[PDB]
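K.L.:
here is the sequence, then the experimental structure:
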Amino acid sequence: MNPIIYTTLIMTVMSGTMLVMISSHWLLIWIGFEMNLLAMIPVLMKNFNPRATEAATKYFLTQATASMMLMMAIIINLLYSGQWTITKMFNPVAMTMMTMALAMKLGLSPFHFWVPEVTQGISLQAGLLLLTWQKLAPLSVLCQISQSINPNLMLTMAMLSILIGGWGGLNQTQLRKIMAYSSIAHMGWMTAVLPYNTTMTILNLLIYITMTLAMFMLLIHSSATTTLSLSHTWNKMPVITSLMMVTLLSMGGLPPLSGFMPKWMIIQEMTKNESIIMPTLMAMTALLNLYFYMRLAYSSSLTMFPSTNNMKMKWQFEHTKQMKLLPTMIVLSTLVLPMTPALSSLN
Amino acid sequence: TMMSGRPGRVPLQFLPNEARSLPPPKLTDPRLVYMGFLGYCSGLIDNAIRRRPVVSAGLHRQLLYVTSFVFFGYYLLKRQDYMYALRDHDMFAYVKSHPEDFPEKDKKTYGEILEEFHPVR
Amino acid sequence: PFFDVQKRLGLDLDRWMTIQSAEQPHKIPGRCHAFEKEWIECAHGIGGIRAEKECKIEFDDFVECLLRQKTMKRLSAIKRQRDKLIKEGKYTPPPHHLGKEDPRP
Amino acid sequence: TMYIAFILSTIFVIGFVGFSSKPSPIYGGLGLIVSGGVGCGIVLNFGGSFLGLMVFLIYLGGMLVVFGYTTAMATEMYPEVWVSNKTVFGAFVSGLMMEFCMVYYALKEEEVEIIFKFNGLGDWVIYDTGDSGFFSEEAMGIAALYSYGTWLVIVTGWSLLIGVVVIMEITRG
Amino acid sequence: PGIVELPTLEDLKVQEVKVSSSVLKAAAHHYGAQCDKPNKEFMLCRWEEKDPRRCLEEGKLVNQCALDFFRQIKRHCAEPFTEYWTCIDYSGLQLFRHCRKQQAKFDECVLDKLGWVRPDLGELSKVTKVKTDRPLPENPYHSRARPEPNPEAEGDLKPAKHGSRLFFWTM
Amino acid sequence: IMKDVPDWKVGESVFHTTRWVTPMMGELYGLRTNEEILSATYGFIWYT
Amino acid sequence: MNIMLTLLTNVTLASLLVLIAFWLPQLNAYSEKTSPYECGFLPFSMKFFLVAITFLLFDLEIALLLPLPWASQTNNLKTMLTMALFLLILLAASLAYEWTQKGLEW
Amino acid sequence: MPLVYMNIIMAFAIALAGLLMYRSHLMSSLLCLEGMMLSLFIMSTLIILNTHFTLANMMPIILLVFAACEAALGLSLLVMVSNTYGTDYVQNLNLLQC
Amino acid sequence: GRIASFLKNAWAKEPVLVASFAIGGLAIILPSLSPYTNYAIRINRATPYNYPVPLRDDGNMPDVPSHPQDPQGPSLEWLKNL
């Protein structure tokens, strides 16, 4: 793909998300989602591969169904209210259908199935975009309609997302699939507090974005897609895998790392709303995410796997590409817990 | 949504004019110092990743890291203080405007109240 | 994250089509223009929480204008009773309702 | 002919069952052309002449013709009708039966309620008594897109152009 | 709720102007010019009261004045008017252009006998003032009392009592 | 027709407001002959 | 009812002619050509589909260009003219992209 | 709601059911997806016309355009998949798992 | 100079495109540089699609025409001349 064309497509994806976050008309939000899908498929298939084509097809099918259901819900709300503004939906059935569609766009379980497959099929850059930027628009729409969101349905979807993400991550060996299942679990965490406090969802989203950016960039820098390929990294660049260990521990949420902030604040808000069983189960299930993070950390840096003879040649050469944001992202995703009172800025 | 829909909130405004009535965060604020520390750590990590001397390579680079972190942190802290002041102001105003919903319980001394003694045996 | 850049920059990009009481081309009125106007004017700045209860009557009448569910129910009841009476021979539709009498201009 | 719109809507549902039974693509495409033509008839009955011809000219005329184009060039299927192998036949019959049950519960029982409330009264009631004078409300409003909906025009045009770009990038191999 | 108030059939019975559309169109321009005041008053009523049950009488005056307008035509310009509307009647679109010769005949007689001058282009389309005596409706929409607004703002901002009182943070 | 019907306020408004509401096709031609209904609904559309 | 009548009459006439051309002419006995359709066994070239997708998109843009005759009556003539020219320029740009890049191969 | 609205919504439901329950050809799924777009067009058109939402008569056209764009996308993906595998069978898309 | 040769070469080789660019270009530049565009706007506004709803006379509206056809009010004489 010509670089100019690629930049235009990336800007089109961004513009679709911006339209979703800028519009006050339901039709324009749906238009933004459609633009996102249209400009996302080629980005997913930048590197032409049969697996890439399969991932693109599955992604298109899921997002198309989601958009159909979203527009149907919009039309039903128009029928029962004669309103186009993105406010309190005035029809319960439309609300349910829209919730289903937006959850499918996010990847919340039981609409999680496509996320690991598509993530594995696409490249690490496309995976980064899919798991960070594509999560913004549906979350924005959900935040705007949080008042009308049925707490029971959303909580069920979020809890199932956490459970399924942990379980799936336990069994995976491919780094991309592990990242995808962890993303499912983190999206469950994000959407759990959506009915209660949207600002906490924004906080968790920002922390998740920083962590996933750091992790994906470290994977790209190490050019590893499997546990063993990442294991070989210690011989060449120990710094990268050690920083990966730190980021993985943050993703687990172990204090005093940044990952504790979102879980801590989420539990705070849920307990304020007299919900005690749900957050307890949420943390206890996030322990599984911690387990597969720890396994990856073991293989990567905490222990040393055998290497190959050809590594000697790679030792001589140095990485030419430089990801400018990576250091700042690592710092912001590891050491920011002393800065929780900055939560107010989000409000 | 809490204060996201406050009346009179100019959209996409980082710091409203009313925030200036609040004291500015001191340039020696410990939170700002921690921000600068984070910037320096970012510089060190950047040096480490690029296989250059961690504590000496690109002193200008590390300086810019620290300056950017402190500079953005100052306004971040100012906004945080503004939002917390908004919280306190609105809460106090609501309590004042709704006295019946926030009554003053009778203040009784411990000699008057009766607390059951639970012996530890 | 509804970044209301429209209101910040004072630019209308989609607010024209948000409601049917807004200015439509050639001043063509909406079917329920009056009801929607009443509902919006009632619920202006009072908050969604208060609007849901305080302006309930306006929105109820607005929905009745939009879908005519209760009106249809009443008309259907009238039709059912009329047909029942016809079956028993207890009612005779008047000639003007039968079309015998010519309509007014 | 007072219930013509209801008859058309039922035929629309029948065609939707026909193509939703996932038959041989060629037979399905027809199940969609028929339903599309019916839907255009319904829209015309409500007075949307321009929108009725829109689906006929674009959806049926172009969108479904390019769909048929693909089915014809990539033909790797054994032709079968909606009343063929039980996988399609049973689905078609069951869909028709569900629709007929809805119809009976809708006409015999005035206030039919499955997930939404429905009234058995003829749709002619919902029509509003009004005069537009020397106007075509549909046409005037749609033409207002160039005057009122400049933003919509911009976004839709950019989407179309980027769609051409995306199609080429995808189908370059 | 309440019982819909509907006027009795007797009070809405008015002598109707039993002419064809072509007949009306032929005399449309003169009808507007001669019967401007009663027509404009009725339009103002329906556009302020916004209820057909309040301007019924004004509608009667429009019909009566319209009848008088045609009564003068019959007694002064009967034959030329018949030629005019018959020609317009033939055209499917009732085009004025196809009957300009007949129009000139009707306009000429009406100018001579009745003194009526056909309004020029863009004259019946001008918004006119109407000095009605009917009081301006105080609540034409019959709107209910609007709810009281929420308390608006307050006095000045002051620093948080103890800063961000978030768990262990002291600032 | 519905005098016998219990608890039937004849001509009772279905809207709470007393504002004039333009009648729907059913509210005018509901009990008219089917031909008249067909005319008042589809005459203009079907006239070509 | 008139347009519906026209459609019905045309369809019925065509179907009747198809009847008298598919079943009536084959009634006449013409022996039997005991000749089997000897078959003993795919050009899915993009050269065809490309012509189809591009047509779909250009037809979509044409759909947006249809309301133009009524849009000329708007008072905001400048804005309408600018938007119409914008849509036409985008059509030309799409054509140019395909022409300049590897497209219009038909 | 009038029975016509019920029928159109039921048509959307049926098309959705057919789309979600694949059989063999991915082409059939795309047909169901486009059918749903048609049903949404009809529903929105009727709603806008009845409400006399003059300024919103352009909504169905925009929906139609974007609908056919996303279809152009689906077809392009289908031919890529068919050219790679040989058929448009949904079962062919099996390399990616879980 | 160099541009002039390019135009001659373009018209020699691809005259159809050269004409298309010229016609399209004029169809953009000429509208702004035309006085009848202002008239075209006025004609569209002049056309009385809907009824001119009368206003209640308050005694302080001299300009507004309270009569069928007298000097007060807008004039379409400009169009008649056109």
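P.N.:
On my side now, so go ahead. Numbering: from 1, shown residues only, chains lettered A, B, ... in the order given.
K.L.:
how about stretch E:69-76: buried residues?
P.N.:
E:69, E:70, E:73, E:76 (16 or more other C-beta atoms under 10 Å in any protein chain shown). Bear in mind the C-beta positions are built from the backbone N, C-alpha and C, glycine included.
K.L.:
with stretch G:87-96 instead?
P.N.:
When burial is assessed from 16+ other C-beta under 10 Å, stretch G:87-96 yields the following buried residues: G:87, G:88, G:90, G:91, G:94, G:95.
K.L.:
give me the contacts around it.
P.N.:
Residues outside stretch G:87-96 that contact it (C-beta atoms under 8 Å, 6 or more residues apart in numbering or on different chains) are D:153, D:157, D:158, D:160, D:161, D:164, G:57, G:58, G:61, G:64, G:65, I:24.
K.L.:
swap the cut-off to 6 Å and go again
P.N.:
For stretch G:87-96, the external contacting residues (C-beta atoms under 6 Å, 6 or more residues apart in numbering or on different chains) are D:157, D:161, D:164, G:61, G:64, G:65.
K.L.:
so who does the fourth one touch?
P.N.:
With contact set as C-beta under 6 Å, 6+ apart, residue G:61 has these partners: D:160, G:91.
K.L.:
the helix or strand containing it: which residues count as buried?
P.N.:
Element membership for residue G:61, per DSSP states H and E: helix G:46-65. Within helix G:46-65, the residues scored as buried using 16+ other C-beta under 10 Å are G:46, G:49-50, G:52-61, G:63-64.
K.L.:
quick one: which of these is nearest residue B:79?
P.N.:
The closest of the buried residues of helix G:46-65 to residue B:79 turns out to be residue G:64 (C-beta to C-beta; 43.8 Å).
K.L.:
nearest residue to that closest one in space, please, no chain neighbours.
P.N.:
The shortest distance from residue G:64 to any non-neighbouring residue, by C-beta to C-beta, 6 or more residues apart in numbering or on different chains, is to residue G:87 (5.7 Å).
K.L.:
so the one you found, which state does it fall into?
P.N.:
The local conformation at residue G:87, judged by DSSP: H, G, I helix; E, B strand; the rest coil, is helix.
K.L.:
can you confirm residue G:19 is in a helix?
P.N.:
Yes - counting by three-state DSSP, residue G:19 is part of a helix.
K.L.:
quick one: it from residue G:9, how far?
P.N.:
15 Å (C-beta to C-beta, to the nearest Å).
K.L.:
and chain C, is stretch E:32-50 touching that?
P.N.:
No - Stretch E:32-50 lies apart from chain C when judged by C-beta under 6 Å from any C-beta of the partner chain; the minimum separation is 7.9 Å.
K.L.:
looking at the buried residues of stretch E:69-76, spot the one nearest chain C.
P.N.:
Distances from chain C to the buried residues of stretch E:69-76, taken as C-beta to the nearest C-beta, are shortest for residue E:70 (14.1 Å).
K.L.:
and that closest one, what element?
P.N.:
helix E:56-76.
K.L.:
list the buried ones in the following helix or strand past that helix?
P.N.:
Moving toward the C-terminus from helix E:56-76, the next helix or strand (DSSP H and E) is helix E:78-90. Residues E:80, E:81, E:82, E:83, E:84, E:85, E:87, E:88, E:89 are the ones in helix E:78-90 that count as buried (16+ other C-beta under 10 Å).
K.L.:
give me the contact list for helix E:78-90.
P.N.:
Applying C-beta under 6 Å, 6+ apart, the set of residues contacting helix E:78-90 from outside is E:22, E:23, E:25, E:26, E:73, E:94, E:99, E:102, E:103, E:105, E:106, E:109.
K.L.:
most surrounded residue in those residues?
P.N.:
residue E:26 (28 neighbours; other C-beta atoms under 10 Å in any protein chain shown).
K.L.:
nearest residue to that residue other than its sequence neighbours?
P.N.:
residue E:85 (3.8 Å).
K.L.:
do residue E:50 as well
P.N.:
Nearest one to residue E:50, counting by C-beta to C-beta, 6+ apart, is residue E:140 at 5.2 Å.
K.L.:
the one you found sits in which helix or strand?
P.N.:
Using DSSP H and E, residue E:140 is not contained in any helix or strand.
K.L.:
what distance do you get for it to residue G:76?
P.N.:
In terms of C-beta to C-beta, residue E:140 sits 30 Å off from residue G:76.
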